[PDB]
Amino acid sequence: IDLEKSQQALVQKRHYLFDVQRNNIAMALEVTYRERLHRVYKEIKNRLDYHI
Amino acid sequence: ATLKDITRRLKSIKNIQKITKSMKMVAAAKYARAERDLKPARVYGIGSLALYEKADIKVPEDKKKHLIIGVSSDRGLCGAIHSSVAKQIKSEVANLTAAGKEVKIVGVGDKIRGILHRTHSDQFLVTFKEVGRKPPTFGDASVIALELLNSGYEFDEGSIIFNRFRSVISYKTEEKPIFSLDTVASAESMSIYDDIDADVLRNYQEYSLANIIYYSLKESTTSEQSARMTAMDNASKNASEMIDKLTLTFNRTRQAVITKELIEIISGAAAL
Amino acid sequence: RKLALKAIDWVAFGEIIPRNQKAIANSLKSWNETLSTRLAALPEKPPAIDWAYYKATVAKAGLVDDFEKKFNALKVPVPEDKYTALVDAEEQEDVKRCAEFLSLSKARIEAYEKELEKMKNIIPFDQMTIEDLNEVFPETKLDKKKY
Amino acid sequence: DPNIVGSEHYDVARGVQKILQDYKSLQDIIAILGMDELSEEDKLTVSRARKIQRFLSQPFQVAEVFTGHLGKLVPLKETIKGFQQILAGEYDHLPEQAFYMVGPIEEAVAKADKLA
Amino acid sequence: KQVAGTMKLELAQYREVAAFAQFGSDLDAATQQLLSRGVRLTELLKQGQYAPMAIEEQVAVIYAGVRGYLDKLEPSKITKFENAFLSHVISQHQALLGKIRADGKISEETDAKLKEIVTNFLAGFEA
Amino acid sequence: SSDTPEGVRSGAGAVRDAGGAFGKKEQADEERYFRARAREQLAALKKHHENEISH
């Protein structure tokens with residue numbers, strides 16, 4: 001019973017690490033997205049801020 | 001540092017100066033009796049040492065089980081009596097448990113078990129209490145040695161650690177070995193030794209266990225009292241130096257408020 | 001608002017149980033916490049253009065209204081999608097290992113199901129037999145049992 | 001402030017005042033009773049806060065003519081690194097006469113190397 | 001009143017008994033349980049600077065301290081436990097805290113929902 | 001400066017009048033004793049009450 005349930009609960013542990021990998025790389029790519037937009041949003045004010 | 005705050009602090013240390021100077025006079029009498037009783041029981045532990053001079057017995061190679069016994073009182077305010085025994089005990093179970101033998105300690109008195117319950121909480125056979133509040137005796141050593149047999153633990157090598165009283169200022173923590181299995185107790189020096197059987201050597205070594213706890217109930221009680229005298233003189237000298245430095249601060253602070261309130265009046269009249 | 005959800009995966013995800021690879025998951029959830037709320041404040045949209053606001057009240061044009069006209073007429077440089085190889089190649093090798101290990105334990109369940117049913121074969125009664133009890137308890141050749 | 005002086009520096013700052021206050025708050029009991037009536041955790045905010053007091057004294061450049069000792073200048077990043085190795089407890093075997101009147105932290109282990 | 005009524009007395013019980021700094025005897029069933037409830041509630045009371053909380057974000061974090069749900073941590077991790085807890089409830093449990101601010105009280109069914117959230121988070125806090 | 005009525009003296013029970021680190025070391029020491037006698041006594045109450053009825 002245990003050697004059956006050792007492989008049973010293992011494959012539910014194998015699929016947990018692929019849910020965690022699929023959202024981590026999807027989010028860590030996404031955190032650089034608006035941060036690329038933020039710096040251009042930053043720079044377009046600073047050239048306006050210098051003139052005013 | 002106002003006038004009220006200096007007074008209430010100075011009044012406190014004048015109390016603590018009396019209490020510790022009375023407490024030295026209490027413990028000067030307890031040591032003066034506990035100096036007297038030890039020299040009768042000095043010749044009692046002469047006999048059990050004289051057994052091992054003519055028959056030189058040692059712990060030969062290795063044991064399966066072990067004991068460590070450490071005596072103390074339950075009372076504090078004695079300086080370096082209890083930590084001169086617990087730190088000796090942790091200096092041997094680290095030295096042991098690598099040759100493979102199983103160790104189990106017993107601490108008579110509360111203050112050993114207080115130190116060694118956060119790291120060595122598992123090797124405890126039994127614990128005792130209520131040691132040294134009344135003077136220790138021989139019937140007290142026959143309750144330690146009797147409950148040590150109603151335990152099931154077969155022990156084949158042990159030792160006891162106590163403070164050998166040297167002088168009023170100085171004590172020395174020593175150790176003494178205990179041979180408890182009949183195997184190590186019947187060796188080459190015991191070849192000349194007559195009529196005692198294995199069943200009589202069962203009887204003789206057990207009276208030595210009540211004996212060798214009694215020799216260490218008369219050493220660690222004198223040294224616990226004569227370090228309760230010397231460490232109370234140094235709480236009384238260290239209080240005389242704290243009030244004489246606080247009388248002077250009080251005297252200047254008393255004079256500086258007479259002057260302060262008086263200039264408030266001199267300037268209150270002349271401003272009219 | 002390009003944002004993805006997930007499942008509740010915090011309890012046994014540190015219990016991945018590699019070959020003593022505890023740091024593989026204990027660093028994995030540690031990256032997972034900080035990346036979550038930080039990329040949420042990235043994912044939706046950028047704020048209102050405050051470049052067009054104060055350049056209109058500013059009179060010195062030429063390099064003011066034209067710079068906001070030129071630099072705000074292009075596309076957003078998005079990121080590259082380099083994470084695809086370990087998505088498929090790491091996944092199926094654990095699912096292919098699920099096929100053999102669920103059957104190699106099944107024969108170990110099947111042989112253990114046969115090992116007990118043969119133990120019920122040996123005795124039909126307390127006074128049953130002198131040879132049916134000679135399967136579990138052993139016999140041997142000459143001079144085996146010393147004592 | 002953790003945002004200005006840097007959040008690593010700000011935690012060696014507030015964490016070394018905490019160990020210094022706790023040495024002050026027992027000076028009533030140590031002066032009367034003794035060191036020997038303390039616990040084992042509070043013989044380890046006493047011995048660690050006497051290694052920290054001594055490691056705040058530095059030989060100055062203008063004071064070479066008084067005592068004949070070389071004036072030492074330490075940088076910023078070698079003091080934060082040198083106090084985290086007294087708070088974490090790496091130097092708890094070196095005595096306290098080695099942390100005294102030295103510059104950067106490597107002179108403290110060198111002064112401890114001299115006396116043996 | 002529910003969570004800081006009991007907090008006021010549990011801290012007052014602490015301060016009478018927690019000023020030795022020199023221990024000789026051991027009473028873990030007797031004293032050391034109560035003083036372990038104070039250091040979990042003392043280190044909860046610390047705060048930062050120019051970041052003030054709300055009242056229902058206060059009821060949640062104070063709930064988890066007095067109801068025994070922190071005695072298996074370490075006290076050097078409760079300041080770390082707080083911000084990970086607080087970010088989880090504002091993000092995933094926004095309709096929970098809106099029933100404390102609107103209804104005023106912490107109701108018995110509202111006592112029910114919070115009983116899992118602290119224990120579900122404690123099941124996967126340190127991993 | 002104590003062997004004179006002009007020189008100041010102390011009262012009885014002034015250690016806990018200051019509020020130092022001996023007045024705290026004593027206010028807490030009394031609660032660490034009289035909290036554990038409060039459940040030697042508490043446990044025995046059920047039996048004592050019964051005993052009163054018995055005799």
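Its PDB record attributes the structure to cryo-EM, giving the resolution as 3.34 Å.

Chemist: Is there a simple way to explain the overall build of chain C in this structure?
Modeler: Broken down by element type, chain C carries seven helices and zero strands. Going from the N terminus to the C terminus, chain C shows its helices and strands as α-α-α-α-α-α-α. A globule of 147 residues ought to have a C-alpha radius of gyration of about 15 Å, yet chain C, at 36 Å, is considerably larger. Seen through its principal axes, chain C has C-alpha atoms that stretch 115 × 30 × 25 Å.

Chemist: What should I look at first to understand the overall build of chain D in this one?
Modeler: Summing up its helical and strand segments, chain D has six helices and zero strands in all. Helices (α) and strands (β) of chain D occur, in sequence order from the N terminus, as α-α-α-α-α-α. Principal-axis analysis of the C-alpha atoms gives chain D an extent of 45 × 40 × 25 Å. A burial count over chain D gives 33% of its 116 residues as buried. When contacts within chain D are restricted to residue pairs at least 6 apart in sequence, long-range pairs at least 24 apart make up 64% of them. Looking at chain D, you have 13 positive and 18 negative side-chain charges, and the mean spots of the two groups are 4 Å apart.

Chemist: What exactly am I supposed to notice about the arrangement of the chains here?
Modeler: When the eight pairs of chains in contact are compared, the highest contact count belongs to chains A and C. One finds no contact linking chain A with chain B; the least C-alpha distance across the pair is 32 Å. In this assembly chain B lies apart from chain C, the nearest approach of their C-alpha atoms being 27 Å.

Chemist: How do you make sense of the interface of chain A and chain C when you look at a structure like this?
Modeler: For interface size, the figure often reported is the accessible area lost on association. At the junction of the two partners, chain A supplies 27 residues and chain C supplies 44 residues. Looking at the side of chain A that touches chain C, the elements with two or more residues in it are helix 1 (2-14) and helix 2 (16-51) of chain A. The greatest single-element share of the side of chain A that touches chain C, amounting to 20 residues, is contributed by helix 2 of chain A. Counted by class, the side of chain A that touches chain C contains 16 nonpolar, four polar and seven charged residues.

Chemist: Would you mind showing me how to read the packing of helix 1 of chain A against helix 6 (residues 92-117) of chain C here?
Modeler: Describing two packed helices takes the angle between their axes plus the distance from one axis to the other. For the pair helix 1 of chain A and helix 6 of chain C, the least separation of the axes is 9 Å and the interaxial angle reads 170°. The orientation of helix 1 of chain A with respect to helix 6 of chain C, classified from their angle, is roughly antiparallel. Of helix 6 of chain C, the residues touching helix 1 of chain A (which contributes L3(A), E4(A), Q7(A), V11(A) and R14(A)) are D94(C), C98(C), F101(C), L102(C), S105(C) and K106(C).

Chemist: Got a minute to help me understand the pattern of salt bridges in this structure?
Modeler: Think of it this way: side chains of opposite charge can pair up when their charged atoms draw near. Measuring nitrogen to oxygen at the nearest pair gives 3.6 Å for the salt bridge that ties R9(B) to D28(D). In this pair, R9(B) sits in helix 1 (residues 3-34) while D28(D) sits in helix 2 (residues 27-32), so the two residues belong to two different chains. Taking the shortest distance from any N to any O, the salt bridge between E107(D) and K72(D) comes out at 3.0 Å. In this pair, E107(D) is assigned in helix 6 (residues 106-114) and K72(D) in the loop between helix 4 (64-67) and helix 5 (77-87), connecting sequence segments 35 residues apart.

Chemist: Got a minute to help me understand the side chain of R48(D) in this structure?
Modeler: All names here are of chain D. Summarising the element assignment, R48 is placed in the loop between helix 2 and helix 3 (50-54). At 2.9 Å, the side chain of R48 forms a polar contact with the backbone oxygen of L87. In this view, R48 contacts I19, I86, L87, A88, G89 and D92; residues no more than four positions away in its chain are not counted.

Chemist: Teacher, can you tell me more about the pairing of strand 4 (residues 157-165) of chain B here?
Modeler: The two faces of a sheet get side chains in turn, since along a regular strand they alternate between them. All names here are of chain B. Alignment of strand 1 (residues 67-71) against strand 4, held across two bridges, turns out to be parallel. Each bridged residue has a counterpart across the sheet, and for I69 the counterpart in strand 4 is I160. Sheet topology places strand 4 next to strand 5 (residues 171-179); nine bridges connect them, and they run antiparallel. The residue of strand 5 that forms the bridge with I160 is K176.

Chemist: When you look at the sheet that holds strand 5 of chain B in this model, what are you seeing that I'm missing?
Modeler: Residue and element names in this part refer to chain B. Spatial ordering of the open sheet is given by 3-2-1-4-5, a layout of five strands whose pairing is mixed. Each edge of the open sheet carries a strand with a single partner, namely strand 3 (124-127) and strand 5. The mean angle between the axes of side-by-side strands here comes to 20°, regardless of whether they run parallel or antiparallel. Lying on the sheet, helix 4 (residues 83-93) is in contact with strand 1, strand 4 and strand 5; it crosses strand 4 at an angle near 150°.

Chemist: I tried to follow the packing of aromatic side chains on my own but got confused; where do I start?
Modeler: Any two aromatic rings considered together are summarised by their centre-to-centre distance and by the angle between their planes. Here the aromatic rings of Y44(B) and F138(B) are separated by 6.2 Å at their centres, their planes lie at 75°, and the arrangement is edge-to-face. You can see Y44(B) sitting in helix 3 (residues 44-54) and its partner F138(B) sitting in the loop between strand 3 and helix 6 (141-147), a full 94 residues away along the chain. The interplanar angle of 80° and the centroid separation of 5.9 Å between the aromatic rings of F162(B) and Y215(B) together place this pair among those described as edge-to-face. Taken together, the positions of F162(B) in strand 4 and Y215(B) in the loop between helix 8 (198-214) and helix 9 (222-269) put the pair 53 residues apart, joining distant regions of the chain. An aromatic cluster of three or more residues is present, and its members are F55(D), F83(D), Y91(D) and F99(D). Taking the ring centre of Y41(A) as reference, the NZ or CZ of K45(A) above it sits at 3.0 Å. Above the ring of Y33(F), the side-chain terminus of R37(F) is found at 4.4 Å from the ring centroid.

Chemist: Mind showing me how you'd approach the environment of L11(E) here?
Modeler: All names here are of chain E. Within the secondary structure layout, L11 lies in helix 1 (residues 2-15). Considered as a pair, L11 and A123 are 112 residues apart in the sequence and their alpha carbons are 27 Å apart. The contact partners of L11, leaving out residues within four places of it in the chain, are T42 and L45.

Chemist: Is there a simple way to think about the environment of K99(E) in this case?
Modeler: Residue and element names in this part refer to chain E. With respect to the helices and strands, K99 occurs in helix 5 (residues 94-103). Once the C-alpha coordinates of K99 and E56 are considered, the two residues, 43 residues apart in sequence, prove to be 9.1 Å apart. Looking at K99, its side chain comes within polar contact range of the side chain of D103, at 3.3 Å.

Chemist: Please explain the pairing of strand 3 of chain B as it appears in this structure.
Modeler: Residue and element names in this part refer to chain B. Note that strand 2 (residues 104-108) and strand 3 share two bridges and pair parallel. Residue pairing for strand 3: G107 is matched across the bridge by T127. Assessed by its sense of winding, the connection that carries the chain from strand 2 through helix 5 (residues 110-115) to strand 3 is right-handed.

Chemist: Please explain unusual backbone geometry as it appears in this structure.
Modeler: Trans peptide bonds make up most of the peptide bonds, and negative phi angles are found at most residues other than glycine. Its identity as a non-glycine residue notwithstanding, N20(C) has a phi of 55°, on the positive side. Mapped onto the secondary structure, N20(C) falls in the segment before helix 1 (22-26). The phi dihedral of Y50(E) is positive, around 55°, even though this residue is not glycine. Here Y50(E) shows up in the loop between helix 2 (35-45) and helix 3 (56-66).

Conventions used here
- Counting starts from 1 on each chain and follows the sequence as written, independent of the entry's numbering; residues without coordinates are not shown.
- A letter from A marks each chain and a number from 1 marks each ligand, given out in the order of writing.
- These chains belong to a larger assembly; the numbers reported describe only the chains shown.
- Side-chain metrics in this entry use all non-hydrogen atoms of the structure; hydrogen atoms and water are not considered.
- Residues with missing side-chain atoms are left out of burial classes, side-chain pairs and their counts.
- Working definition: helices are DSSP H or I runs of at least four residues, strands are E runs of at least two. Numbering for both runs from the N terminus.
- Here the globule rule is a power law, 2.2 Å times the number of residues to the power 0.38, and the radius of gyration is based on C-alpha atoms.
- Buried means the residue's accessible area, taken with a 1.4 Å probe over protein chains only, is under 20% of the maximum for its type, while exposed means over 50%, and partly exposed covers the values in between.
- Here a residue-residue contact requires only that any non-hydrogen atoms of the pair lie within 4.5 Å.
- The charge count treats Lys and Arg as positive and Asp and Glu as negative. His and the chain ends do not count.
- Every charge is mapped onto a representative atom, which is NZ of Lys, CZ of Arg, CG of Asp or CD of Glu.
- Classification convention: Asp, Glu, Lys, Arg as charged; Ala, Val, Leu, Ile, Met, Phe, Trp, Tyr, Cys, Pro as nonpolar; all other residues, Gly among them, as polar.
- Angular values range over 0 to 180 degrees, each being the angle between N-to-C directions of two axes fitted as lines to C-alpha atoms, with helices fitted over their stretch in contact.
- Our angle categories are set so that under 35 degrees counts as roughly parallel, over 145 as roughly antiparallel, 65 to 115 as roughly perpendicular, and the remainder as oblique.
- Whenever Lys or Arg places a side-chain nitrogen within 4 Å of a carboxyl oxygen from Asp or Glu, that contact is recorded as a salt bridge.
- Polar contacts, as used here, are pairs of N or O atoms within 3.5 Å; protein pairs need one atom able to donate a hydrogen and one able to accept it. Residues neighboring in sequence count only if both atoms are side-chain atoms.
- A strand pair is defined by DSSP finding two or more bridges across the two strands.
- Whether two aromatic rings pair depends on their centres lying within 6.5 Å, for rings of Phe, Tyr and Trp, where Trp uses its six-membered ring; planes under 30 degrees apart make the pair stacked, over 60 edge-to-face, and the rest tilted.
- By definition, being over a ring means that NZ of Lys or CZ of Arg is both within 6 Å of the ring centre and within 35 degrees of the ring normal.
- Convention used here: a crossover is right-handed provided that the path from the first strand, over the helix, to the second strand proceeds clockwise when the strands point away from the viewer.

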